[PDB]
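Asker: Below: the sequence, then the experimentally determined structure.
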Amino acid sequence: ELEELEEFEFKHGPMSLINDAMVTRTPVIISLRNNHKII
Amino acid sequence: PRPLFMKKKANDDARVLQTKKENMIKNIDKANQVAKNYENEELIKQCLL
Amino acid sequence: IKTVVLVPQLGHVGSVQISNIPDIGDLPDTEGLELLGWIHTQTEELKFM
Amino acid sequence: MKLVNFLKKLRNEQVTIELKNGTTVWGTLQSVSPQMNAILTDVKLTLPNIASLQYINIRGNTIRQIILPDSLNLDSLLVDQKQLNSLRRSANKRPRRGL
Amino acid sequence: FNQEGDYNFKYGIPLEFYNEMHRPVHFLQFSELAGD
Amino acid sequence: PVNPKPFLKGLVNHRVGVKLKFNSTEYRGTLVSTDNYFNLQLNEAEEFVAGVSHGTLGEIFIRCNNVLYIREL
Amino acid sequence: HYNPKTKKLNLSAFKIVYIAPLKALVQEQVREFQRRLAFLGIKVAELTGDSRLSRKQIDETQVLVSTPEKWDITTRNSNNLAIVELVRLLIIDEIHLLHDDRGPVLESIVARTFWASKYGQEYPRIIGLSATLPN
Amino acid sequence: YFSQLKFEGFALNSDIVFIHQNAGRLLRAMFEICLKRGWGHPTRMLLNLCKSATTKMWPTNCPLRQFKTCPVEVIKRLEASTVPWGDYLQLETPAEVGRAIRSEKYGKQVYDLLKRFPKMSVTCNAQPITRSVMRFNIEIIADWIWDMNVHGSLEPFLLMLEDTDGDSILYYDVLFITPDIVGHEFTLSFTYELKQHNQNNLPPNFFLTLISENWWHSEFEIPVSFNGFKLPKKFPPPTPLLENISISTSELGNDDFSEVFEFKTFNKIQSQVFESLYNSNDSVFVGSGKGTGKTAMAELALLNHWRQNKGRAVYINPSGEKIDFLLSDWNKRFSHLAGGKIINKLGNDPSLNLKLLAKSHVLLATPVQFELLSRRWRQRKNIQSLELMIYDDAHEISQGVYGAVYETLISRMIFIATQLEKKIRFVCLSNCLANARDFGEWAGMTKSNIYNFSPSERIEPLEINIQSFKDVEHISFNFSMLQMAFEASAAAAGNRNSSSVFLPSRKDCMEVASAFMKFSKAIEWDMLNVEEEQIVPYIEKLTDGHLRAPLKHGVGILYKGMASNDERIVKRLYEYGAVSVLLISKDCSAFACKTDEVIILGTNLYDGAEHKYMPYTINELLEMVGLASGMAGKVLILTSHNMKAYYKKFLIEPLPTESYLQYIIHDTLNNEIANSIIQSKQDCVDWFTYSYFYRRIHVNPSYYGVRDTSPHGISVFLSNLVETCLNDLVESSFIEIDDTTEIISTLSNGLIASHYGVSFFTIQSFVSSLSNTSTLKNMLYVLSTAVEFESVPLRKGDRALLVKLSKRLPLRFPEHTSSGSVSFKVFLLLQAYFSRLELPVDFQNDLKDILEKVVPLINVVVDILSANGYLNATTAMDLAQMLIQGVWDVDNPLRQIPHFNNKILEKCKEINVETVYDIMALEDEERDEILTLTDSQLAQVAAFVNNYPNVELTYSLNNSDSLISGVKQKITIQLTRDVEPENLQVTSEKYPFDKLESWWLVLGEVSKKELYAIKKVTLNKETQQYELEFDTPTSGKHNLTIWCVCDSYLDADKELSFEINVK
RNA sequence: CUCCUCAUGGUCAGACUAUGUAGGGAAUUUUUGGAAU
């Protein structure tokens, strides 16, 4: 049950952006702490 | 050519095996220890007997 | 003679030590198998035991 | 699941690790700890003029990123832990089939 | 060996009077011949 | 007690802005969701650096650890 | 199989075989090939005998150094024929071995290379290397 | 070397190095040689030696040595302890193991490693197929726990079948135990032909021994029991083929029937049967052959039936795809010549196929469908009146559980004939069968009426060439098979003949297609026997995304699930000769493309459920050899050595037919009790007198495990079986048994289970899992776990792709069940039905199969909860709606209307519509604005809107003032519909099969989660009244909320809440 | 690979040690960064 709740919270949370990224194979841009960006 | 049939005609041990097995193993274990212990003798054997 | 039953034994020349009568009821293909006897080997030609 | 396991798969792989301090590392991963502590051999290392080192152990938190070979099969390496979890998790009418 | 003692039984193929299973002492003595 | 988690839950579905510790970046957008570890998801996001509009980013994820504070706008 | 401009090595295209009669000489050769070929990023590993390479590592590897016997037995087996086709470069060291009774294995390998693969039918480059000999 | 002796003097050590490198080689060779020879004494000892060369140790050194982690002191102690290995393996308690190994330390480690040592509980049940051939069903369980380090990739285990002495080997096979198989109950089957003397007099048992090629002292030998196994009689030869051609279309009475067959003179086999067939009305066993038209003989039988003014006809074939083809051919020609006759095919609905059973003169259905419909003969009096039946392909009663279903249907019909004194003409069409005459005998037939022929009787002489290859048992095909297939294809293509190859999957077809193209490009023949510019105009469509490139070079692709147009183009190319080669997947054997030659590549197809490849049914191979006829019929079969003797015999010689009822007896007897024909156990035995099973258990009792062969023995064994059945049913609450001969009554569980036809085990699983307060996810899981899904195939890709697909799906499978099991696949394909994913064409077929099963199952799920009186049956109803339609309840009501997608839904949000009922009030101009699409789709939408009623829910209660607790309170609910239906057809795109609409009336109280009353109604009229007789709740104020919930359409939920004060 | 937790088998009067289809190694004292310039 606990595993289920974790996966679900991940799905409807802010994590949904990176989940949506993996499923759609869409590009995302990441601002990093090195002042470098990764698209 | 086939006759009719009638319905009226039809109308711990494992633990003991594991146990006796454990006693067999343990007894052979004590015996094996005795063999290890067994692993001049004429006069001493004469003194014992 | 359908079923030979080989048993725990320690043999010598002309003599042998053998365990008890086996309890084989547990196995399949035993529906009232009676105890017929036993069999043994030797080298001497006798008309008696 | 855990990407650190994916790193555990990476033994005997030639990689270039950029680090949070800016340091560049080039070497063959001998192992990575689950901490993501990476032990490597035959390493050329450039601090922000290269130093050649037999063995280098890096603390995982210092690792910024690790650049992997393009030849690597990510499809195959990514799917493991789910299969391992499935393996950990794991009547008359049997033969739908006949004669 | 116990002359009066209980044993479980099964169907199978019996071994040779001198067969590897019946002669375990010989292997420890065989490797013990060179020792260690 | 009114906890940060309930205040944030009530703040969901509202226009917000978040000032990071660096203050090099502020993000103003609708607050879509926040997780138990307090990572932030915003939509239609706009970036204000040095108090001026840098650009319109859109659907954005903010690492919890960078957040200095969030305020409602 | 490897572009001059693009420095990515094409791994899956070419395959190489080096037939060295003895295990020890195979070993020595392999270290030599590693030393000289290290810059392209090539795996040079031994296919023969005490080498004990499996079904996979052959696929992974590019350059092979084998003894005649084990190479014969590898190419004799029907399932691997893809690998045999992939090998472009067949190097035979000490072709003078034909005099001795192991040499029969080499000539059998040679015959298999020409005659046995006609369905793909692209003949690999064959390089004999030997002590100086008549005929 | 075996004993690990390094040496000082190194001359010996050099020699022993040589022995080290080549020893396991030589020994392993000797072992393989002896295994080929079939010698028992050497092979086991040699296998031990090989193991000793591999792992470097003796048998008397314990197998714990080959563990890397097991310590030295422990192994010394065990070597010196003089104890049998089996005892240590049997020890479980870890502390007890430490005490047994007399060191307290490391004991837990040792026990862990024991459970990492191979341990097998192995069973085997042998059984004769016929007197010469003997089939062994092996149950191999693997109890050990896996490790990738110690065990490696997989575990090869050699399975030896050897004689009672251990002298010679009968049969052998290597089997791979993978990580997936350990712990599952794993069945393995094989056949063995006997000797002449061993045939005459047979031994007490054969020894079945399993040995690990790696692990030491595995040695699991279970006796294969022969005790009173009595073999049947010598196979009787089939009725002879006399020389007469003279029967033709001129002989039949009315000349309107002569324009049918598009030929004049009949065949040699059909001419023999024609006299008993077309002239008389008696019960005919027409029998054999695939090529000789059984279709034609069935047609003649149908004509004979019509000729007498009879009119009801039942044509039963198990293959649902060929049923449809046969319907397409029959309706355009047969129907119009008699001039009125209605030819129809039955659908999934019991209600719809009933209305078809009335409307239609001739019905075409699968055994499962028509057995489910005919289960109530007493209640449906239309089925009591059916005069003529054609049982087509009766040889498939041998096939699994479905064959047992099909003999249940046959037995039921014969029981109806005897009970009702009805004259029912059974025409049994089947393949060549050795046991055929007995089969006809049980059907109410005479030796003169029976016609059985040999396979060699056919008119197109056909060479069956079977070729056996090595190491193929664990694979679909290997490269030598592929080459030989290509060579055969080249022979056919160089000749004027056309050839086809069959393959396990679409994936396998693609692999073989690319391979063939590579083979062709080098050789002269890549030829399509047509220009390269002609082919592109036919393939313009390019559906089946890869069908283009293979077909362009002269090899076509054929598999189920394809775009139909594209398939048809392929077939046309074959007939016209454009494509000389066609690669057909197994499931498409029903699509019969007549060939000049046929190749069969691989006899092994993978199913996940079995967790290993399994060879094809000889039935499949028969349907696979019917396609090819010449100049000379040519059939290439690429097979293993183990399967060679099985196919080479049962293809040339007839198929011995058997009965699998013994598996389905629980469900069958449940059905009988529900129909209340069997009042008592005596009644059931008398009912089992009609079984093809009964006849079979008499002629071959050894196959069914009844040791006594005699009238008394039969009776006793049978009564034992039925008694066991009854205990399972009473324990599972299907029935109840009480002494006063004896009285048996039926409960609510058995009612629904038997009515819908769901199997006993599935019902028991539903009972065990389903309780109150259950969720929709749990209900869906319960639905997924069933025996009906055994017929859904998987090869390795479906399962891996299921893992990859699980990211995109609304639900997540319960953690405590197994992923590989077909249940998980059913779960995810239902998820992919609710969310419309773009599925691979492989998965589309599996989805279709699932959908064909689910509607009865989901009905059972909702009704069983009603029977247990839980108000959560609402959620089950919603799930059923979702299954009929294909959309979620919360996601969107708009998507329910046929052919809606995101963009079009947005226009609905643009006009601010929420429910579907607002679409009914809309007018044409707005609809045109919303949907710009094709005309068929618009039409289906219109039909949806029309037959989806706006129905109103009203109630009228007898007495509101007088309300008594615990009394049966009747309510009259008035229901009224918008439009009176012309027909009840349900319209859905993603649910291909046809459905008739129905409704559920629901009464219950929300807080207590108690459902007080429910009833199902089919509303044909526009306005009706329905009376719920329902017991009242306890005293006080009680909320009562009535739902009107459709079985098909979502967002139809009409509710009225009312509260009564009970005294 | 390592540490912890848990389980465990043992030993000692909670600790130690082997093994584990175990859980884990992002919210203040260490490994999911207050760093960046």
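Answerer: On my side now, so go ahead. Numbering: from 1, shown residues only, chains lettered A, B, ... in the order given.
Asker: Quick one: the helices in the stretch 701-850 of chain H, in order.
Answerer: When assigned using DSSP state H, counting those that start in this stretch, the helices of the stretch 701-850 of chain H occupy the ranges H:701-704, H:711-731, H:748-756, H:760-769, H:776-784, H:797-805, H:822-834, H:841-867.
Asker: Helix, strand or coil: sort out residue H:187 for me.
Answerer: Secondary structure state of residue H:187, per DSSP: H, G, I helix; E, B strand; the rest coil, is strand.
Asker: moving C-terminal of the helix or strand harbouring residue H:439, what's the next helix or strand?
Answerer: Under the criterion of DSSP states H and E, residue H:439 resides in helix H:436-442. Downstream of helix H:436-442, the first helix or strand assigned by DSSP H and E is strand H:462-469.
Asker: returning to what we had before: closest one to chain A among the helices of the stretch 701-850 of chain H?
Answerer: helix H:776-784 (9.0 Å; CB to the nearest CB). Just so you know, the C-beta spots here come from the backbone N, C-alpha and C atoms, and that holds for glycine as well.
Asker: ok, and the closest non-adjacent residue to residue H:362?
Answerer: residue H:313 (4.2 Å; CB to CB, 6 or more residues apart in numbering or on different chains).
Asker: go on, residue H:445?
Answerer: Closest to residue H:445 by CB to CB, 6+ apart is residue H:283, at 4.8 Å.
Asker: Likewise for residue H:555?
Answerer: Nearest to residue H:555 is residue H:581, by CB to CB, 6+ apart, at 4.5 Å.
Asker: give me every residue that touches that neighbour.
Answerer: H:489, H:492-493, H:498-501, H:516, H:554-556 (CB atoms under 8 Å, 6 or more residues apart in numbering or on different chains).
Asker: hmm, which two among those are most spread apart?
Answerer: H:498 and H:516 (15.0 Å; CB to CB).
Asker: which one among the contacts of residue H:581 gets closest to residue H:596?
Answerer: Using CB to CB, the contacts of residue H:581 come closest to residue H:596 at residue H:498, 4.7 Å.
Asker: the longest helix in chain D is where?
Answerer: Counting by DSSP state H, the longest helix found in chain D is helix D:81-89.
Asker: Tell me the buried residues in that one?
Answerer: D:86-87 (16 or more other CB atoms under 10 Å in any protein chain shown).
Asker: Next, the angle helix H:797-805 makes with it.
Answerer: Here the directions of helix D:81-89 and helix H:797-805 differ by 110 degrees (axes from the mean of the first three to the mean of the last three CA atoms, to 10 degrees).
Asker: hmm, helix D:81-89 touching RNA strand I?
Answerer: Yes: for helix D:81-89, a contact with RNA strand I is found by CB under 7 Å from any atom of the strand, at D:85, D:88.
Asker: Report how many residues lie close to residue H:484.
Answerer: 16 (other CB atoms under 10 Å in any protein chain shown).
Asker: Confirm that it sits in a strand.
Answerer: No: assessed with three-state DSSP, residue H:484 is helix; it does not lie in a strand.
Asker: circling back: nearest to residue H:398, of the helices of the stretch 701-850 of chain H?
Answerer: helix H:701-704 (11.6 Å).
Asker: helices and strands around the closest one, which ones?
Answerer: strand H:122-128, helix H:692-699 (3 or more CB pairs under 8 Å, 6 or more residues apart in numbering or on different chains; DSSP states H and E).
Asker: List the contacts of stretch B:12-31.
Answerer: Taking CB under 8 Å, 6+ apart as the rule, stretch B:12-31 contacts E:6, E:8, H:81-83, H:87-88, H:90-92, H:96, H:99-100, H:102.
Asker: mind exporting stretch H:719-726 as PDB, just the C-alpha atoms?
Answerer: The C-alpha atoms that make up stretch H:719-726 are tabulated as PDB, following Å, rounded to 0.1, in the frame of the first residue of the first chain:
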ATOM      1  CA  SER H 719     -19.200 -41.900  -8.000                       C
ATOM      2  CA  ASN H 720     -15.900 -41.000  -6.200                       C
ATOM      3  CA  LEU H 721     -15.300 -38.200  -8.800                       C
ATOM      4  CA  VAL H 722     -18.800 -36.800  -8.500                       C
ATOM      5  CA  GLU H 723     -18.700 -37.000  -4.700                       C
ATOM      6  CA  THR H 724     -15.500 -34.900  -4.700                       C
ATOM      7  CA  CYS H 725     -17.200 -32.500  -7.000                       C
ATOM      8  CA  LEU H 726     -20.200 -32.100  -4.700                       C
END
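Asker: Contacts only, for the residue of chain E found nearest chain F.
Answerer: Residue of chain E nearest chain F, by CB to the nearest CB: residue E:8 (58.4 Å). For residue E:8, the contact set (CB under 8 Å, 6+ apart) comprises residue B:17.
Asker: got the buried residues for stretch G:94-106?
Answerer: Under 16+ other CB under 10 Å, the buried positions of stretch G:94-106 are G:94-98, G:103, G:105-106.
Asker: coming back round to it: what count of nearby residues applies to the residue nearest to residue H:445?
Answerer: By other CB under 10 Å, neighbour count at residue H:283 equals 22.
Asker: coming back round to it: distance from the chain centre to the helix holding residue H:439, please.
Answerer: Its chain's C-alpha centre lies 26 Å from the corresponding centre of helix H:436-442 when counted by CA atoms, centre = their mean, to the nearest Å.
Asker: Counting by contacts, list what that helix packs against.
Answerer: strand H:284-287, helix H:692-699.
Asker: What is the neighbour count of residue 2?
Answerer: Assuming you mean chain A. With other CB under 10 Å as criterion, residue A:2 counts 7.
Asker: please go with chain F instead
Answerer: By other CB under 10 Å, neighbour count at residue F:2 equals 7.
Asker: got it, and residue D:65?
Answerer: There are 14 residues near residue D:65, going by other CB under 10 Å.
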